[PDB]
Amino acid sequence: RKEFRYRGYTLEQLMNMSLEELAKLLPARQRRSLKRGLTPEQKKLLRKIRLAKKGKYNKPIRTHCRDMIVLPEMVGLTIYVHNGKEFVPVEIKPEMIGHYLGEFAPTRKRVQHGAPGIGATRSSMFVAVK
Amino acid sequence: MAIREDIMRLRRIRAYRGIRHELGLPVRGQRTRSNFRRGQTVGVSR
Amino acid sequence: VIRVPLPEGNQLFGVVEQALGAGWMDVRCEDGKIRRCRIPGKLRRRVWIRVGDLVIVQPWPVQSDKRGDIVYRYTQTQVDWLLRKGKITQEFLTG
RNA sequence: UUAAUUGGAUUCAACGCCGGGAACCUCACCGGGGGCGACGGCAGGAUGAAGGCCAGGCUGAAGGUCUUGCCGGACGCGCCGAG
RNA sequence: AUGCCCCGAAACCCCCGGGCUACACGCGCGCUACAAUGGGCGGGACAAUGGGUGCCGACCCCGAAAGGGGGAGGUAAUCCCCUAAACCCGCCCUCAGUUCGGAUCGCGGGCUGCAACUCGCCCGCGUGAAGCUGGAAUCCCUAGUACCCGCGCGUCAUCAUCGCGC
RNA sequence: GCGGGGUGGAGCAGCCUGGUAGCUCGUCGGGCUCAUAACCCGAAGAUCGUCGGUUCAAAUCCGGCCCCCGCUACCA
Ligand SMILES: [Mg+2]
Ligand SMILES: [Mg+2]
Ligand SMILES: [Mg+2]
Ligand SMILES: [Mg+2]
Ligand SMILES: [Mg+2]
């Protein structure tokens with residue numbers, strides 16, 4: 001219980017596995033996305049992760065495609081996302097494969113509440129507007 | 001226990017479906033301007 | 001950023017104590033001398049001023065003692081907003 | 001509360017109302033990137049303006065710019081008024 | 001459609017990602033219940049308005065279910081949507097927070113889409129919250145009308161607790 | 001002489017005749033109204049100064065005590 005096993009297959013046991021034999025080990029949504037092909041932008045992004053995986057492209061990977069499905073290629077490195085105004089780092093670990101990329105870059109600031117004002121109740125609605 | 005560890009697993013990686021489990025809020029995309037009032041009333045003046 | 005009635009020109013900050021009557025407002029500013037604000041006629045219609053409302057006024061170079069004149073008010077979304085910037089210290093309102 | 005949580009309507013006669021069940025568009029809102037001056041005159045222009053591309057950087061992605069040099073064959077927001 | 005005043009390399013025109021779906025809280029209109037004037041399981045009965053060529057799909061075959069692979073006939077009183085539900089008979093439950101009530105959550109399978117995390121809809125197993133008839137107040141209805149039960153168009157690539165009709 | 005008040009933000013009930021801590025001005029919410037005051041309704045708020053006895057069982061019977069006290073004056 002220190003190694004990670006997804007469906008009985010270790011990381012480097014599945015790291016060399018294919019992409020059509022892979023999808024039988026993912027839930028519906030990701031199996032279907034892997035079956036209607038990848039979008040053009042995600043092609044352009046995989047063709048920048050693989051270079052950054054061999055020896056080249058030692059430069060921060062950025063993106064707008066929050067839809068990309070994490071895969072056994074991306075385990076280990078640290079890529080960015082775009083949560084609306086800025087690029088936020090997501091250090092990819094195992095136990096993320098299957099989830100969505102944008103799933104880890106939240107998008108609305110947590111809310112903390114002040115105090116009710118003029119109109120929050122029927123006792124301060126017409127007693128203010130004269 | 002199995003459900004609990006399936007929740008902790010989402011708490012680790014800091015997903016979006018794990019933080020809602022943290023703060024005790026809806027999880028499956030509901031709206032909350034109007035329902036889910038598990039708190040206590042607030043006053044202004046009288 | 002934000003458009004707030006800062007001191008522009010020679011403006012003053014009016015935080016009133018009592019309305020003696022007929023529009024006279026004794027104001028308690030950080031300056032010290034008892035100033036007595038009065039009101040123009042453009043706002044006497046649509047707005048509603050009382051005590052505790054920190055607002056902006058304008059003083060007059062005559063005797064610099066009992067002066068002030070409303071030109072614009074403050075809404076509850078600004079009166080305490082103006083604390084974090086420290087543009088005004090609220091302890092000129094509790095002593 | 002927020003980077004933005006776009007606006008109009010407040011008794012009858014405002015609140016499943018604007019045919020408003022908004023993933024993109026609709027979109028008017030916050031972050032970023034790029035294009036647009038019929039027409040009269042000005043610096044300039046066949047010793048070649050406006051204007052376009054294989055490949056590579058910057059970039060979220062882009063001949064959008066720059067590196068690189070190829071092409072096209074008359075006009076000209078680099079300047080003023082107008083539209 | 002339109003007068004006046006501001007923008008005029010921008011407040012004009014396109015493209016990618018976010019928001020309108022944020023949540024201590026007050027309110028308007030509705031849907032499901034608090035059970036016997038009922039819940040479940042197996043059988044038996046009877047409609048009307050409307051719509052279809054970017055579309056409606058009979059019939060056959062795979063699947064437990066959502067759905068999938070083929071595919072006649074239809075530019076319409078011809079073919080299709082389209083053997084409705086409340087109702088009846090037979091057996092289990094017997095007044096209990098229950099065989100009432102199904103919110104909230106975990107895992108797995110699918111459809112539309114250029115794209116389902118923020119934020120779509122549908123299926124199977126599991127967990128099983130408040131709720132035991134509602135204070136002062138207030139609304140709609142005079143006959144095939146009120147109440148009770150289902151259906152069709154609109155919006156629509158998918159999604160109806162809504163609007164307008166039966 | 002020594003004894004009393006010991007309790008919601010408060011004001012006092014409320015004993016002996018023991019089992020709702022009780023009514024009123026206040027506090028926040030909702031009604032009524034074109035809107036405000038008055039009027040109707042709902043919840044929140046001390047849980048009896050405290051140990052101890054009685055008591056099946058206590059503001060409710062009382063004592064011990066902690067606090068506030070309290071009706072009262074040089075006594076040649
Ligand atoms: Mg949009
Ligand atoms: Mg809205
Ligand atoms: Mg049931
Ligand atoms: Mg989704
Ligand atoms: Mg009133």
# chains A, B, ... in the order shown; residues from 1 in each chain; ligands from 1

call {"tool": "residues_near_ligand", "arguments": {"ligand": "ligand 1", "cutoff": "12 Å", "atoms": "only C-alpha atoms (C1' of nucleotides) and all ligand atoms", "output": "number ranges by chain"}}
result
D: 6, 22-29; E: 17-20

call {"tool": "write_last_selection", "arguments": {"atoms": "C-alpha atoms (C1' of nucleotides)", "output": "PDB file, in the first residue's frame"}}
result
ATOM      1  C1'   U D   6     -24.440  43.011 -17.400  1.00  0.00           C
ATOM      2  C1'   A D  22     -27.724  31.315 -21.220  1.00  0.00           C
ATOM      3  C1'   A D  23     -21.830  24.967 -22.007  1.00  0.00           C
ATOM      4  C1'   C D  24     -19.327  27.995 -27.475  1.00  0.00           C
ATOM      5  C1'   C D  25     -22.625  31.838 -30.251  1.00  0.00           C
ATOM      6  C1'   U D  26     -27.132  34.384 -27.657  1.00  0.00           C
ATOM      7  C1'   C D  27     -23.900  38.862 -24.933  1.00  0.00           C
ATOM      8  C1'   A D  28     -24.785  43.795 -23.604  1.00  0.00           C
ATOM      9  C1'   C D  29     -20.174  41.646 -18.457  1.00  0.00           C
TER      10        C D  29
ATOM     11  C1'   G E  17     -10.758  31.034 -21.797  1.00  0.00           C
ATOM     12  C1'   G E  18     -14.036  32.654 -17.619  1.00  0.00           C
ATOM     13  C1'   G E  19     -19.320  34.926 -15.569  1.00  0.00           C
ATOM     14  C1'   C E  20     -24.749  35.436 -15.795  1.00  0.00           C
TER      15        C E  20
END

call {"tool": "residues_near_ligand", "arguments": {"ligand": "ligand 4", "cutoff": "8 Å", "atoms": "only C-alpha atoms (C1' of nucleotides) and all ligand atoms", "output": "JSON, numbers by chain"}}
result
{"E": [116, 117, 118, 119, 120]}

call {"tool": "write_last_selection", "arguments": {"atoms": "C-alpha atoms (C1' of nucleotides)", "output": "PDB file, in the first residue's frame"}}
result
ATOM      1  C1'   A E 116     -19.785  17.811 -20.745  1.00  0.00           C
ATOM      2  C1'   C E 117     -14.420  19.822 -14.643  1.00  0.00           C
ATOM      3  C1'   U E 118     -16.558  24.657 -13.620  1.00  0.00           C
ATOM      4  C1'   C E 119     -22.215  23.533 -15.603  1.00  0.00           C
ATOM      5  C1'   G E 120     -26.070  18.811 -19.855  1.00  0.00           C
TER       6        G E 120
END

call {"tool": "residues_around", "arguments": {"residues": "residue B:10", "least_positions_apart": "6", "cutoff": "10 Å", "atoms": "only C-alpha atoms (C1' of nucleotides)", "output": "list in words"}}
result
residues 95 and 96 of chain A; 16, 17, 18, 19, 21 and 22 of chain B

call {"tool": "residues_around", "arguments": {"residues": "stretch 30-46 of chain B", "least_positions_apart": "5", "cutoff": "10 Å", "atoms": "only C-alpha atoms (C1' of nucleotides)", "output": "PDB file with C-alpha atoms (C1' of nucleotides), in the first residue's frame"}}
result
ATOM      1  CA  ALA A 115     -23.723  41.986   6.933  1.00  0.00           C
ATOM      2  CA  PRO A 116     -27.229  42.470   5.539  1.00  0.00           C
ATOM      3  CA  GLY A 117     -28.045  45.928   4.301  1.00  0.00           C
ATOM      4  CA  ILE A 118     -30.907  48.171   3.224  1.00  0.00           C
ATOM      5  CA  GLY A 119     -33.444  45.806   1.716  1.00  0.00           C
ATOM      6  CA  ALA A 120     -32.392  42.457   3.136  1.00  0.00           C
ATOM      7  CA  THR A 121     -35.761  42.314   4.900  1.00  0.00           C
ATOM      8  CA  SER A 123     -38.205  46.112   7.862  1.00  0.00           C
ATOM      9  CA  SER A 124     -35.628  48.260   6.045  1.00  0.00           C
TER      10      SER A 124
ATOM     11  CA  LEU B  25     -21.970  21.981   0.501  1.00  0.00           C
TER      12      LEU B  25
ATOM     13  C1'   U E  21     -25.376  28.504 -12.393  1.00  0.00           C
ATOM     14  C1'   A E  22     -21.354  32.467  -6.588  1.00  0.00           C
ATOM     15  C1'   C E  23     -24.483  31.716  -0.689  1.00  0.00           C
ATOM     16  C1'   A E  24     -24.796  33.307   7.275  1.00  0.00           C
ATOM     17  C1'   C E  25     -29.834  35.331   4.992  1.00  0.00           C
ATOM     18  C1'   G E  26     -35.806  37.892   3.958  1.00  0.00           C
ATOM     19  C1'   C E 119     -22.215  23.533 -15.603  1.00  0.00           C
TER      20        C E 119
ATOM     21  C1'   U F  27     -35.030  42.485  21.540  1.00  0.00           C
ATOM     22  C1'   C F  28     -35.053  40.173  16.122  1.00  0.00           C
ATOM     23  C1'   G F  29     -38.736  37.832  12.507  1.00  0.00           C
TER      24        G F  29
END

call {"tool": "select_by_dssp", "arguments": {"residues": "chain C", "states": "strand (DSSP E)", "output": "short mmCIF file (atom, residue, chain, number, x, y, z; two decimals) with C-alpha atoms, in the first residue's frame"}}
result
data_model
loop_
_atom_site.label_atom_id
_atom_site.label_comp_id
_atom_site.auth_asym_id
_atom_site.auth_seq_id
_atom_site.Cartn_x
_atom_site.Cartn_y
_atom_site.Cartn_z
CA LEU C 12 -13.86 68.59 4.01
CA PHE C 13 -15.22 65.43 5.64
CA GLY C 14 -18.50 65.94 7.45
CA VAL C 16 -22.34 65.37 12.14
CA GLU C 17 -23.30 65.45 15.82
CA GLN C 18 -26.66 67.26 16.03
CA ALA C 19 -29.15 69.17 13.86
CA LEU C 20 -29.96 72.36 15.76
CA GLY C 21 -32.55 73.04 13.08
CA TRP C 24 -27.62 73.71 10.36
CA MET C 25 -25.41 70.66 11.04
CA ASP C 26 -22.76 70.78 13.75
CA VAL C 27 -19.92 68.70 12.30
CA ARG C 35 -18.08 73.89 11.98
CA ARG C 36 -21.72 74.41 11.00
CA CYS C 37 -22.63 72.98 7.60
CA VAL C 55 -20.09 62.58 3.85
CA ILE C 56 -18.17 65.23 1.94
CA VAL C 57 -18.66 68.98 2.32
CA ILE C 70 -22.72 69.59 1.42
CA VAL C 71 -22.03 68.73 -2.21
CA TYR C 72 -22.38 64.93 -2.16
#

call {"tool": "interface_residues", "arguments": {"of": "chain A", "to": "chain D", "cutoff": "12 Å", "atoms": "only C-alpha atoms (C1' of nucleotides)", "output": "MDAnalysis selection string"}}
result
chainID A and resid 40:45 61:66 80:87 107:116 119 125:126

call {"tool": "write_last_selection", "arguments": {"atoms": "C-alpha atoms", "output": "compact mmCIF listing (two decimals), in the first residue's frame"}}
result
# COMPACT_ATOMS: atom_id res chain seq x y z
CA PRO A 40 -6.93 20.03 -32.69
CA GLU A 41 -5.79 22.08 -29.71
CA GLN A 42 -5.18 18.97 -27.65
CA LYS A 43 -3.12 17.63 -30.54
CA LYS A 44 -0.99 20.78 -30.43
CA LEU A 45 -0.62 20.30 -26.68
CA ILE A 61 3.92 24.45 -20.56
CA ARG A 62 0.89 26.72 -20.70
CA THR A 63 -2.60 26.15 -22.07
CA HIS A 64 -6.22 27.13 -22.26
CA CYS A 65 -7.61 23.63 -22.83
CA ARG A 66 -9.07 22.69 -19.46
CA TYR A 80 -0.39 25.03 -16.11
CA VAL A 81 -4.03 25.87 -16.76
CA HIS A 82 -5.96 29.13 -17.24
CA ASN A 83 -8.63 29.83 -14.64
CA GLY A 84 -9.94 32.96 -16.29
CA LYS A 85 -7.28 35.53 -15.53
CA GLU A 86 -4.03 33.74 -14.80
CA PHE A 87 -2.17 30.46 -15.19
CA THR A 107 -12.55 29.38 -10.70
CA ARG A 108 -14.57 31.31 -8.08
CA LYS A 109 -13.11 32.87 -4.96
CA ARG A 110 -14.50 31.28 -1.80
CA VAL A 111 -17.19 33.48 -0.32
CA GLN A 112 -17.23 35.09 3.13
CA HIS A 113 -20.19 37.06 4.28
CA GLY A 114 -20.51 40.63 5.48
CA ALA A 115 -23.72 41.99 6.93
CA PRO A 116 -27.23 42.47 5.54
CA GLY A 119 -33.44 45.81 1.72
CA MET A 125 -37.15 48.71 2.59
CA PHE A 126 -39.58 51.66 2.71

call {"tool": "interface_residues", "arguments": {"of": "chain F", "to": "chain A", "cutoff": "10 Å", "atoms": "only C-alpha atoms (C1' of nucleotides)", "output": "PDB file with N, CA, C and O atoms (P, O5', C5', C4', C3', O3' and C1' of nucleotides), in the first residue's frame"}}
result
ATOM      1  P     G F  29     -35.306  42.103  11.765  1.00  0.00           P
ATOM      2  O5'   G F  29     -36.316  40.888  11.617  1.00  0.00           O
ATOM      3  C5'   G F  29     -35.844  39.601  11.261  1.00  0.00           C
ATOM      4  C4'   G F  29     -36.956  38.591  11.207  1.00  0.00           C
ATOM      5  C3'   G F  29     -38.241  39.035  10.558  1.00  0.00           C
ATOM      6  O3'   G F  29     -38.162  39.098   9.151  1.00  0.00           O
ATOM      7  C1'   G F  29     -38.736  37.832  12.507  1.00  0.00           C
ATOM      8  P     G F  30     -39.120  40.093   8.346  1.00  0.00           P
ATOM      9  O5'   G F  30     -40.556  39.446   8.515  1.00  0.00           O
ATOM     10  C5'   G F  30     -40.804  38.130   8.065  1.00  0.00           C
ATOM     11  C4'   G F  30     -42.155  37.626   8.494  1.00  0.00           C
ATOM     12  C3'   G F  30     -43.348  38.396   7.994  1.00  0.00           C
ATOM     13  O3'   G F  30     -43.632  38.168   6.633  1.00  0.00           O
ATOM     14  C1'   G F  30     -43.663  37.869  10.254  1.00  0.00           C
ATOM     15  P     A F  35     -47.928  49.181   1.191  1.00  0.00           P
ATOM     16  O5'   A F  35     -47.115  50.179   2.110  1.00  0.00           O
ATOM     17  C5'   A F  35     -45.741  50.409   1.867  1.00  0.00           C
ATOM     18  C4'   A F  35     -45.264  51.662   2.545  1.00  0.00           C
ATOM     19  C3'   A F  35     -45.247  51.643   4.057  1.00  0.00           C
ATOM     20  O3'   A F  35     -44.126  50.983   4.599  1.00  0.00           O
ATOM     21  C1'   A F  35     -46.200  53.651   3.311  1.00  0.00           C
ATOM     22  P     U F  36     -44.230  50.343   6.061  1.00  0.00           P
ATOM     23  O5'   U F  36     -44.271  51.600   7.026  1.00  0.00           O
ATOM     24  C5'   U F  36     -43.072  52.259   7.387  1.00  0.00           C
ATOM     25  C4'   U F  36     -43.312  53.462   8.261  1.00  0.00           C
ATOM     26  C3'   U F  36     -43.840  53.218   9.658  1.00  0.00           C
ATOM     27  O3'   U F  36     -42.872  52.723  10.560  1.00  0.00           O
ATOM     28  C1'   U F  36     -44.974  55.034   8.709  1.00  0.00           C
TER      29        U F  36
END

call {"tool": "atom_distance", "arguments": {"atom1": "atom CA of residue A:101", "atom2": "atom CA of residue A:68"}}
result
5.5 Å

call {"tool": "closest_atom_pairs", "arguments": {"of": "chain C", "to": "chain A", "cutoff": "9 Å", "atoms": "only C-alpha atoms", "output": "JSON lines"}}
result
{"residue": "C:47", "atom": "CA", "partner": "A:129", "partner_atom": "CA", "distance": 8.7}
{"residue": "C:48", "atom": "CA", "partner": "A:130", "partner_atom": "CA", "distance": 7.9}
{"residue": "C:76", "atom": "CA", "partner": "A:117", "partner_atom": "CA", "distance": 8.1}

call {"tool": "write_last_selection", "arguments": {"atoms": "N, CA and C atoms", "output": "compact mmCIF listing (two decimals), in the first residue's frame"}}
result
# COMPACT_ATOMS: atom_id res chain seq x y z
N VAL C 47 -32.13 62.92 -1.95
CA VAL C 47 -31.28 62.20 -1.01
C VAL C 47 -31.80 62.36 0.41
N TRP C 48 -31.13 61.74 1.38
CA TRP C 48 -31.63 61.70 2.75
C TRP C 48 -30.45 61.50 3.70
N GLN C 76 -23.77 53.37 2.05
CA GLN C 76 -23.28 52.38 3.01
C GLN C 76 -22.28 51.40 2.39

call {"tool": "residues_near_ligand", "arguments": {"ligand": "ligand 3", "cutoff": "8 Å", "atoms": "only C-alpha atoms (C1' of nucleotides) and all ligand atoms", "output": "JSON, numbers by chain"}}
result
{"E": [39, 99, 100, 101, 102]}

call {"tool": "write_last_selection", "arguments": {"atoms": "N, CA and C atoms (P, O5', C5', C4', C3', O3' and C1' of nucleotides)", "output": "PDB file, in the first residue's frame"}}
result
ATOM      1  P     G E  39     -51.054   4.820  -3.007  1.00  0.00           P
ATOM      2  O5'   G E  39     -49.939   3.968  -2.267  1.00  0.00           O
ATOM      3  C5'   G E  39     -48.610   4.438  -2.158  1.00  0.00           C
ATOM      4  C4'   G E  39     -47.680   3.353  -1.677  1.00  0.00           C
ATOM      5  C3'   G E  39     -47.358   2.262  -2.668  1.00  0.00           C
ATOM      6  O3'   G E  39     -46.398   2.642  -3.627  1.00  0.00           O
ATOM      7  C1'   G E  39     -47.851   1.293  -0.599  1.00  0.00           C
ATOM      8  P     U E  99     -41.396  -1.892   7.611  1.00  0.00           P
ATOM      9  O5'   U E  99     -41.791  -1.618   6.098  1.00  0.00           O
ATOM     10  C5'   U E  99     -40.938  -0.864   5.247  1.00  0.00           C
ATOM     11  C4'   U E  99     -41.447  -0.843   3.831  1.00  0.00           C
ATOM     12  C3'   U E  99     -42.709  -0.026   3.593  1.00  0.00           C
ATOM     13  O3'   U E  99     -42.649   0.529   2.284  1.00  0.00           O
ATOM     14  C1'   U E  99     -43.094  -2.255   2.972  1.00  0.00           C
ATOM     15  P     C E 100     -42.037   1.986   2.045  1.00  0.00           P
ATOM     16  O5'   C E 100     -43.071   2.932   2.786  1.00  0.00           O
ATOM     17  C5'   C E 100     -44.463   2.817   2.554  1.00  0.00           C
ATOM     18  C4'   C E 100     -45.181   4.069   2.958  1.00  0.00           C
ATOM     19  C3'   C E 100     -44.700   5.334   2.296  1.00  0.00           C
ATOM     20  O3'   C E 100     -45.195   5.512   0.991  1.00  0.00           O
ATOM     21  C1'   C E 100     -44.981   5.708   4.597  1.00  0.00           C
ATOM     22  P     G E 101     -44.219   6.101  -0.125  1.00  0.00           P
ATOM     23  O5'   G E 101     -43.512   7.318   0.596  1.00  0.00           O
ATOM     24  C5'   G E 101     -44.202   8.529   0.827  1.00  0.00           C
ATOM     25  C4'   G E 101     -43.246   9.614   1.211  1.00  0.00           C
ATOM     26  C3'   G E 101     -42.013   9.661   0.361  1.00  0.00           C
ATOM     27  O3'   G E 101     -42.291  10.378  -0.814  1.00  0.00           O
ATOM     28  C1'   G E 101     -41.426   9.843   2.641  1.00  0.00           C
ATOM     29  P     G E 102     -41.583  10.020  -2.185  1.00  0.00           P
ATOM     30  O5'   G E 102     -40.659  11.281  -2.400  1.00  0.00           O
ATOM     31  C5'   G E 102     -39.577  11.224  -3.303  1.00  0.00           C
ATOM     32  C4'   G E 102     -38.254  11.312  -2.602  1.00  0.00           C
ATOM     33  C3'   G E 102     -37.090  10.774  -3.423  1.00  0.00           C
ATOM     34  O3'   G E 102     -35.945  11.590  -3.237  1.00  0.00           O
ATOM     35  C1'   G E 102     -37.187   9.660  -1.356  1.00  0.00           C
TER      36        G E 102
END

call {"tool": "closest_residue", "arguments": {"among": "B:23, B:11, B:1, B:6", "to": "chain E", "atoms": "only C-alpha atoms (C1' of nucleotides)"}}
result
B:6

call {"tool": "residues_around", "arguments": {"residues": "residue E:30", "least_positions_apart": "3", "cutoff": "10 Å", "atoms": "only C-alpha atoms (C1' of nucleotides)", "output": "count of residues only"}}
result
3
